[PDB]
C-alpha cells in the first residue's frame, strides 16, 4: 500500500494473506468461513500445494495468537480470465477447513446482486501487506490507504482507452500518491462496508495518478461468486 497507514492490529478482520513458499504474495478477503476471494493473476503458474491462506494476521512474520492458517482445497479462477487480456481478474479459494470467526477473523460483505458500482468521489479504503514504495519496501504490518472512486471515463482516458466495463478506478483525496502496490492484489476496496473492488493492476509507478489504480468491479461478479460457492456447498 502506498500513502497509507498501519491499521490497529486485527481491526480489518476479513483480510487474508495468500502465501507461497512461506512468503506473502497476495491479499484476499474472507467471504464465508471456508471461502476467500482473491485475484486470479496471483495463482498463475503456481503450485497450489505450496500455498497457504493466513487469517487473523497483523504482522505476518510473527506467529501471532490470532492467526488461523489454511491450505487451499480448490481454486476456481473466473472462467473468462485469460492471458492477452486484463479483465476478470478474480478467483475463489475454498479452504481445507473452516475459520473460527471471532474478534480477529470475520467476514466482508459483497455488494448486493442489484447494486451499482460506487459513484465518483465515493470515499473507500484499501488494505494490504504489499510494498509501501517503488523500492520493494515491506510494511511493518497490515496497512490501509484512503482513496476515492475516480470517474471511469477519466480513468479510461488516462489508460489510453484500455479499460473495460467491469473495472473501476481510484485516486488519492489529496496531492499525495495513495493506492496499492505489488502483493496487494486480491485485497478488497471497501466502500460503505462492502467489497466494491478487488485490487488488480496499475502502472509503472505505484499510486501514480497518471496510471490510476484499477480494481475488478466486484458487483459484476457477485452472481458468479455465489454460483461457485453454492456449487461446492
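Numbering follows the first chain given and starts at 1.
- Looking at 69-77 and 156-164 together, the entry lists the larger mean B-factor for 156-164, computed on C-alpha atoms.
- For the pair 54-62 and 167-175, the mean B factor over Cα atoms is greater in 167-175.
- Across the residues 38, 182, 200, 44, the deposited record lists the maximum Cα B factor for 44.
- Taking only the listed residues 104, 127, 84, 107, the entry reports the highest CA temperature factor at 84.
- The PDB entry assigns residue 48 a C-alpha temperature factor belonging to the highest third of its chain's modelled residues.
- When the CA B factors of the chain's modelled residues are split into thirds, the value for residue 192 lands in the highest one.
- When the modelled residues of the chain are ordered by C-alpha B-factor, residue 216 sits in the lowest third.
- Ranked by C-alpha B-factor against the other modelled residues of its chain, residue 224 falls in the middle third.
- Placement of the Cα temperature factor of residue 143 within the chain: lowest third of the modelled residues, per the deposited record.
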